[PDB]
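Need a 3D model of the sequence below.
(chains A, B, C and D)
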Amino acid sequence: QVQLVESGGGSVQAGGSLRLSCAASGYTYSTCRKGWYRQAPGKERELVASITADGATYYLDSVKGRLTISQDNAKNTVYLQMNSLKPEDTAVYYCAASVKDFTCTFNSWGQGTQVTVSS
Amino acid sequence: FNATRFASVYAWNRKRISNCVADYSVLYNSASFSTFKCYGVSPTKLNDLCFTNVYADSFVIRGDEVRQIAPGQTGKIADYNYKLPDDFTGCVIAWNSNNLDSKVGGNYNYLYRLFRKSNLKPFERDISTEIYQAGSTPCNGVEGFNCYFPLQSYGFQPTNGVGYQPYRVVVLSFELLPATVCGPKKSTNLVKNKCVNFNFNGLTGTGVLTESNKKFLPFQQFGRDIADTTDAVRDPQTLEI
Amino acid sequence: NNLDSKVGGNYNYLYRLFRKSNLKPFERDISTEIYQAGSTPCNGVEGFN
Amino acid sequence: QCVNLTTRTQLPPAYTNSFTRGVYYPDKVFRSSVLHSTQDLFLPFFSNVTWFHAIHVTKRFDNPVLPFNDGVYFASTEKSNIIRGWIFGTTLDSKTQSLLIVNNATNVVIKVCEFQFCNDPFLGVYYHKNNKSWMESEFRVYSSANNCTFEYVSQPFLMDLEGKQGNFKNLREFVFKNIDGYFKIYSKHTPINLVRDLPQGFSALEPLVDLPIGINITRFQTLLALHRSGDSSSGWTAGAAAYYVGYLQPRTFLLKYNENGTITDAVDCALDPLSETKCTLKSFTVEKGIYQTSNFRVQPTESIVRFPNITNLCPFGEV
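Residues are numbered from 1 along each chain as shown, chains lettered A, B, ... in the order given. You can find the structure just below:
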């Protein structure tokens, strides 16, 4: 199995920056895609950013340019660098790790970390 | 074709080459392929043919679907993944990438799209990975009961099974209307001083070829004696008359 | 068809289809020489191309 | 994005006369010292043409959008490399493929994409008076580029962008069509010492490009850069330039070329009884006599179909 833990969330004033950390534990070799989901209050879950093992990344139009997703293989962690945060960005962000063998879903989900951007 | 990278699984990528000259037999003359399927025409015999453009579907698969992506085929793709025109005009070539699409230790990107509820119009690109619903109640953006991913994983390994084997796949439907790219033109050396049935710069005719003392304009190709009868030929190329 | 059409397709009947040239009318030619779309002659293991 | 400025005079169209222009090289053949008879879509000579002016003075800055009926015979007089190219299409709103042929401050640019160009758009160089210098500062013509087909780059060069005083001394004759899908583009240029008049003489226009494209374009217009101090809506100039344009007609001409294959004379068979006799002669040159050319031919009128008196029709009411 794979374990995902999020960290780095909190409260930030509009225009500030935040970096979220997702540390993967357990059988790391099984994880395939890592990406960041966010669920703003009253809205549905959406894919903010995802990164490939090779390093390929894609972002939603709302976050593109402001947010960057990277990985640290030695640390077994994926980061979500959020710059120029807006109040719209306020939501619970979930680290999602796909399982390799399985119907390639995001088999592993993190607890989710709340990031609130004050105005 | 020698391209290193093809698209992801769900994101068949369209590529075009036009407004140039292409030698198609050498592309045919590679033999490095586990798949060389041209329909309507051979992989050869296109050098005398000029086309406006051709669109190439680029992606990374397993070997089991080296067949499954093609026009006129039926299956889960024709209903749920990918429809292609019934009047396809082109070719499908592909070559194996079994050891070439998995990263050492396993590319920790691997995810995979086969199926998706939706529907497919001919030559339509679909990427959605949403949980499949057959209808009991709104999922409300939630997976679980009656909210399940319609996309099993291939799960590529360097020792991939042949059905599992990654393959470099190119799906070509040829577009013509103002054709741009044909073979080279075919052609020969430049020879002089002999009565010959010629093809002068595409101008087919006959006569004895000899050097010209005439002063042609920089674009000026040919000259015709009165009654519109050719008089000299500009080397189409070295622009020598 | 009532006498020559069969369930599954009358593959009992078979015909050469390709030629190295344009064939003359009323000239029956059934030679089974394995057509060569190469490049490399095979001499004789049928297969791709 | 676009803002079409006020301070532009409204003027009634001014006109010229086309005396011995509208000649072009159709093929690429030799033809040396020959009289050859032939027709092609041309203007007539000794016709009567509009004049356009873009004068500093208002600045009579004229940017109407001008058709692509059948082609265009374009005569352009410049002073400071003011027109840089032209822009062809029907919608000029990205709804139909349109092209811009243009010569921006380093290069000849042509990008074809469906660009929702503005109505009377342009870009304006920003001038410096503290230290005299101009470079392009604005770029306000287009919006979107989604369908694109063609491309062409020019060798990067440098232009002065200085505005000279005095007379015009720059004759730029252009003929553009896109007929039978052939984007069929005839142009050259030639130094002058006039100010503003129409010269006599020859010159046939060379080709530039013949693209068998097959498109529908119905209008076209120019693309020109200009200089600025005095605000965005006041501190700029039209630039001393005039450019005059024609619409081509099916005319049969007698074809001179030289002791080389360069066109040395031509006439207007659809104009004049004597040009037509010259067609009949095949010769420039006319002997004394009288010469039978054609047979005249009396125009149809009032096309009439006249059934007879109507008498006895169905009693459909009885049904």
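
phi, psi of the nearest residue to residue A:57 once chain neighbours are set aside?
Nearest non-adjacent residue to residue A:57, counting by C-beta to C-beta, 6 or more residues apart in numbering or on different chains: residue A:51, 4.5 Å away. C-beta here means a position set from N, CA and C on the backbone, and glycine is covered the same way. Main-chain dihedrals, residue A:51, degrees, to the nearest 10: phi -130, psi 140.

Kindly state the beta-bridge partners for residue A:51.
Counting by DSSP bridges, residue A:51 is bridged to residue A:34, residue A:57.

in which helix or strand would I find the residue sitting nearest the centre point of chain A?
Geometric centre of chain A, nearest residue: residue A:36, 2.5 Å, by C-alpha atoms, centre = their mean. Using DSSP states H and E, residue A:36 sits in strand A:31-39.

which helices and strands does that strand pack with?
Under the contact criterion of 3 or more C-beta pairs under 8 Å, 6 or more residues apart in numbering or on different chains; DSSP states H and E, strand A:31-39 touches strand A:18-26, strand A:46-51, strand A:67-72, strand A:77-82, strand A:91-99.

so where do the helices sit in chain B?
B:24-28, B:76 (DSSP state H).

how far is the last one from where the chain is centred?
On the basis of C-alpha atoms, centre = their mean, to the nearest Å, the separation between the geometric centre of helix B:76 and that of its chain is 24 Å.

and that helix with chain A, contact?
No. Helix B:76 stays clear of chain A (C-beta under 8 Å from any C-beta of the partner chain), getting no nearer than 14.0 Å.

circling back to that earlier point, the residue nearest to residue A:57: neighbouring residues, count only.
23 (other C-beta atoms under 10 Å in any protein chain shown).

For chain B, list the residues in contact with chain D, please.
B:19, B:177-178, B:214-217, B:219-224, B:226, B:228, B:231-232.

For stretch B:80-92, which outside residues touch it?
B:12, B:35, B:37-41, B:43, B:54, B:69-72, B:77, B:113-124, B:126, B:150, B:169-174 (C-beta atoms under 8 Å, 6 or more residues apart in numbering or on different chains).

Can you flag the buried ones in the residues you listed?
B:12, B:35, B:37-39, B:43, B:54, B:69-71, B:77, B:113-116, B:120, B:123, B:126, B:150, B:169-174 (16 or more other C-beta atoms under 10 Å in any protein chain shown).

Up against chain B, what does chain A have?
A:28-34, A:44-45, A:51-54, A:56, A:98-105.

Quote the end-to-end distance of stretch D:231-249.
Its start and end residues considered, stretch D:231-249 measures 45 Å (C-alpha to C-alpha, to the nearest Å).

Tell me how far it lies from the chain's centre.
14 Å.

can you check stretch A:70-79 too?
12 Å.

can you count the residues close to the closest residue to residue B:56 other than its chain neighbours?
Leaving aside its chain neighbours, residue B:56 sits nearest to residue B:15 (4.2 Å; criterion: C-beta to C-beta, 6+ apart). The tally of other residues near residue B:15 (other C-beta under 10 Å) stands at 15.

So residue B:15 versus chain C, what's the distance?
24 Å (C-beta to the nearest C-beta, to the nearest Å).
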